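Inspection log for the structure reproduced underneath, given as structure tokens.
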There are 2 protein chains.
Amino acid sequence: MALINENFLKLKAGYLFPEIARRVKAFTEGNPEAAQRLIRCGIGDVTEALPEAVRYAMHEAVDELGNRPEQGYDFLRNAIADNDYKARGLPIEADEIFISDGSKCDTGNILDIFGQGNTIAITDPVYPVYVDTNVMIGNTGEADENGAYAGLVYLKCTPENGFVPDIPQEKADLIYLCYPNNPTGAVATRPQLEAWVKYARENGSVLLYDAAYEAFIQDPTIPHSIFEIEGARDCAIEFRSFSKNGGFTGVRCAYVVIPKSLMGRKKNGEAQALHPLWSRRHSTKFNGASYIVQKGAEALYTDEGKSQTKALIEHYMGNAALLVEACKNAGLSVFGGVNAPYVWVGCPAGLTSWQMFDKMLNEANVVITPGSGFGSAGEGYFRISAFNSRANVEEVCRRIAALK
Amino acid sequence: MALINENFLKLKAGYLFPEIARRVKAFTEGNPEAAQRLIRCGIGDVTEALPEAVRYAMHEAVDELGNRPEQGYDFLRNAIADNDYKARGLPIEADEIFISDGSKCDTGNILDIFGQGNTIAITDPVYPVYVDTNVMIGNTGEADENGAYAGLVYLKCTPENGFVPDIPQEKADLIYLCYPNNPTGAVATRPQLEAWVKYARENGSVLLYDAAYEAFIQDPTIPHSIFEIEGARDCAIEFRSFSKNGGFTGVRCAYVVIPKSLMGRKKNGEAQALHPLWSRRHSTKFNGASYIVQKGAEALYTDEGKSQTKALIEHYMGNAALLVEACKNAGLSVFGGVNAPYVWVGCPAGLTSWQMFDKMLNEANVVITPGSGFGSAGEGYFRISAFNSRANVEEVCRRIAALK
């Protein structure tokens, strides 16, 4: 018989979000009356998954394919290089941009170009894809009581330390930073990124910088890109998303930035550029994002596209501001809701994250994400998405206020 | 410094198709006059990448996302189960269907749920994704002079043996079969598949059955699906594509069939179902195919969709028939062009595959695929795609006849 990948059996449970969808469906089946009242603030529940400019461009592209490069089309790689980097004085070229189907895929699949035995550092709590894919490829040991896997170096982010992780004494080879952080909403300051780039460069490490929620930053002092930091070109890969941007989950498109100067080592100690490794991976294991979605994403860089995106970001951060107010008024400890389209909330005394999940589902008829789903440091908290209608978030705010 | 995946350095060259695109671009730069005359029969050059029914559905879906499950939507999983399996008396359920962005991705990424040290058998020559991804994950040794990697069991398909591989004396754990074969155009008979299912079941092996060109089969005696064979449920995964079907490369959608009954082993020898392993992989490392492309693919199962698909298949197999006639008339040994939309052609006396590639580019201004690109058994042949306009294929036929 054919040997299975036993690293999959190390996984304590199923992937968080399908595990939630299961428990919601179970509730919905048993409670048809409640199901009609249900509001989804887990992943979220967007109305306009495509702005006008993007829809127009996608219709044109559909007709174009009727009439009629894995790295991505020139027009989109150039639009990204020009608008997100060159126009901000950042040293990134179009041929360092790799267009994908989403950041979930890129952050998951980046480990394909790295070997075994690397020391992996991951911010805790964070988006659980980084941990789970590290377990699957065999970069960890078993999980403990609290679902932390041996071998991984967990950088603890708490209210105590303002959700800014202490740069470790341990020397990590790969470092996952999510900024703005999902789910805490935390942002890194310029000096904090300067210190991370210093640590990475002197240890010859790689910063895996997930900037998916970049566009929601409101504080004008906060960096958007790691390549705002001198020397980032020598130690940083950046993940960006069109889909988790402006809540247009319909724009299933993202990109990875790999400087041609970025180096790993072989077993013999000699240097090896990461750019070619990823290019080979991208062109062999992926078939490229469609012309339709790439034309959609190009539309986001038009005047009308930027105008439509800015209104949606104001709408969603308006939603977040109301969730912060309602939680504060109800006596709950609240973090974020100012630089990312979600809020991080302390569970009421004596409730685990999963117990608060069940209470909100059964009593308030509101889906939230249990904090423990984002790692051990997440226990005692939950996340509420600001990705919903204004009317639904106002309703959720009333339900949180009324929670007994 | 961070350790790279050394398995990438075992790869003799870049992935075949980007390697061709490079050599064409180089020629196009140096020869602007020739570039105007160039006809692309490598990958191919389709005009209508979307039928009417698919475009209508994609336009409606774009507007739907403006107004208001990784495994794939119910509507498409049900349409596939009902039309491609149940309506042919095949025992496949909707929950055994996994919707993806393409077969290249699925056939490449299937190795993620298998361990190391399995004996891998691959038909030679074949689509080079299977070999290259096996090299990347560390399932092989180094390449030899002819680009065959140590460890892999290569099943030789030649004119001598009618492109029928000998069922090996070696006991293989994973077996890659491509039917119709890319690039030879060969098809397996019912008794040949019966023998493969017998071998697989008695050795507890897994058949990885790539049926991407299923729709182009013209011989009514030839099986379309491995699940036409009694016992396939105990030893078979099937790969199907909407995109490599009817030449609609615009429909970036495919699916994998994993029976819930299909078993691998752990290191202690106990059984483990493959279905859950793939579900966890699919929901963690992938973000699901878009609603727009899934609505597109659904449209292919309508009366108008089947009618439009059948006309395009007749158009492309008409193209293949002309390529066979022109090659035969010019004194070239030709195989296939009857059950798949490409022809497999013997190089003129004394030319390697790459030498025939250069001759067709420089003398005829025609891109073809060198046979050696599909493995060692491919040397001395080349592939011509039937995916082009009728006028372009008639032109290519004249240019082959005029080749001196």
Side-chain angles (χ1 to χ4, degrees), chain A residues 5-8 70-71 98 100 105-122 129-140 151-152 172-176 204-208 235-237 239 256-286, chain B residues 1-15 18 104-105 107-118 120 128-143 147 149-152 281 284-285:
Chain A
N5 181 355
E6 290 207 51
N7 293 314
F8 274 71
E70 275 90 27
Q71 185 172 351
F98 296 85
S100 80
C105 313
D106 290 328
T107 61
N109 294 318
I110 199 66
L111 290 168
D112 291 2
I113 71 165
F114 293 102
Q116 316 309 306
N118 288 313
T119 296
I120 317 298
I122 311 184
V129 160
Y130 317 152
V131 165
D132 285 9
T133 54
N134 270 285
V135 174
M136 286 171 194
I137 205 161
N139 284 348
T140 82
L152 294 177
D173 302 314
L174 297 184
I175 307 132
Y176 291 79
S205 312
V206 180
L207 294 183
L208 304 178
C235 65
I237 297 168
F239 303 82
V256 188
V257 183
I258 309 175
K260 287 202 227 70
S261 56
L262 183 57
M263 296 293 165
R265 70 184 287 269
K266 309 190 279 205
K267 282 247 78 85
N268 70 358
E270 296 177 341
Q272 169 64 57
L274 298 194
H275 187 287
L277 300 181
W278 189 246
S279 185
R280 187 53 152 103
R281 196 273 170 198
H282 199 75
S283 62
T284 313
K285 291 185 156 185
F286 183 56
Chain B
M1 270 214 159
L3 282 168
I4 65 108
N5 180 355
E6 289 269 33
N7 293 313
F8 273 71
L9 302 182
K10 293 175 181 167
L11 294 167
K12 191 195 285 279
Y15 183 58
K104 173 183 204 176
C105 315
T107 60
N109 294 318
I110 198 66
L111 289 170
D112 291 1
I113 71 169
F114 293 101
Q116 318 308 307
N118 287 312
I120 317 298
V129 160
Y130 318 151
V131 165
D132 284 9
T133 55
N134 270 284
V135 175
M136 285 171 186
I137 205 162
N139 284 349
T140 82
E142 302 294 324
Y149 299 84
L152 292 178
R281 195 273 170 198
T284 311
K285 293 187 110 190

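A, B, ... follow the sequence lines: proteins, then strands. Residue 1 opens every chain.
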Separation between [atom1] of [X] and [atom2] of [Y], rounded to the nearest 0.5 Å:
| X | Y | atom1 | atom2 | answer |
| --- | --- | --- | --- | --- |
| A/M263 | A/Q272 | CE | CD | 8.0 Å |
| B/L9 | B/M136 | CG | CE | 11.0 Å |
| B/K285 | A/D106 | NZ | CG | 12.0 Å |
| A/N139 | A/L111 | CG | CG | 5.5 Å |
| A/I258 | A/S279 | CD1 | OG | 9.0 Å |

Residue pair A/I122, A/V131: steps toward the side-chain contact (heavy atoms from CB on, under 4.5 Å) verdict: CA-CA 8 Å; A/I122 311 184; A/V131 165; 3.9 Å; yes
Neighbour count >12 (heavy atoms, 6.0 Å) for atom NZ, A/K267: no
With A/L262, the side-chain contact (heavy atoms from CB on, under 4.5 Å) member among A/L207, A/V257, A/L274: A/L274
Smallest separation among heavy atoms of [X] and [Y], with atom names:
| X | Y | result |
| --- | --- | --- |
| A/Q116 | B/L3 | O-CD1, 3.8 Å |
| A/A273 | A/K260 | CB-O, 4.1 Å |
| B/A143 | B/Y149 | CB-CE2, 3.6 Å |
| B/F114 | B/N118 | CB-ND2, 3.9 Å |
| A/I137 | A/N7 | C-ND2, 3.8 Å |
| A/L277 | B/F8 | O-CE2, 3.3 Å |

message: Using modelled atom types and a 3.5 Å cut-off, is there a donor and acceptor pairing between side-chain atoms of A/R280 and backbone atoms of B/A13?
response: yes
message: Run the side-chain contact (heavy atoms from CB on, under 4.5 Å) test on A/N109 and A/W278 for me, step by step, so that the C-alpha distance in whole Å, both residues' side-chain angles and the decisive distance to 0.1 Å come before the verdict.
response: CA-CA 10 Å; A/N109 294 318; A/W278 189 246; 4.2 Å; yes
task: Determine, stepwise, if the pair A/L208 / A/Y130 fulfils side-chain contact (heavy atoms from CB on, under 4.5 Å).
output: CA-CA 10 Å; A/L208 304 178; A/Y130 317 152; over 6 Å; no
query: Can the ring centroids of A/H275 and A/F98 be said to lie less than 6.0 angstrom from one another?
result: yes
task: State which residues pass salt bridge (charged side-chain N to carboxylate O under 4.0 Å, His left out) with A/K266; sequence neighbours excluded, sorted by chain then number.
output: A/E270
query: Of all residues at least two apart in sequence or in a different chain, which pass the salt bridge (charged side-chain N to carboxylate O under 4.0 Å, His left out) check with B/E6?
result: none
message: We want to know whether B/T284 and A/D132 form a side-chain donor-acceptor pair, criterion being a heavy-atom distance below 3.5 angstrom.
response: no
message: When you compare the side chain of B/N5 with that of A/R281, does any pair of heavy atoms fall below 4.5 Å?
response: no
- prompt: Do A/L174 and A/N134 pass the side-chain contact (heavy atoms from CB on, under 4.5 Å) test, and can you show the C-alpha distance, the side-chain angles, and the key distance before you say yes or no?
  reply: CA-CA 11 Å; A/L174 297 184; A/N134 270 285; 5.8 Å; no
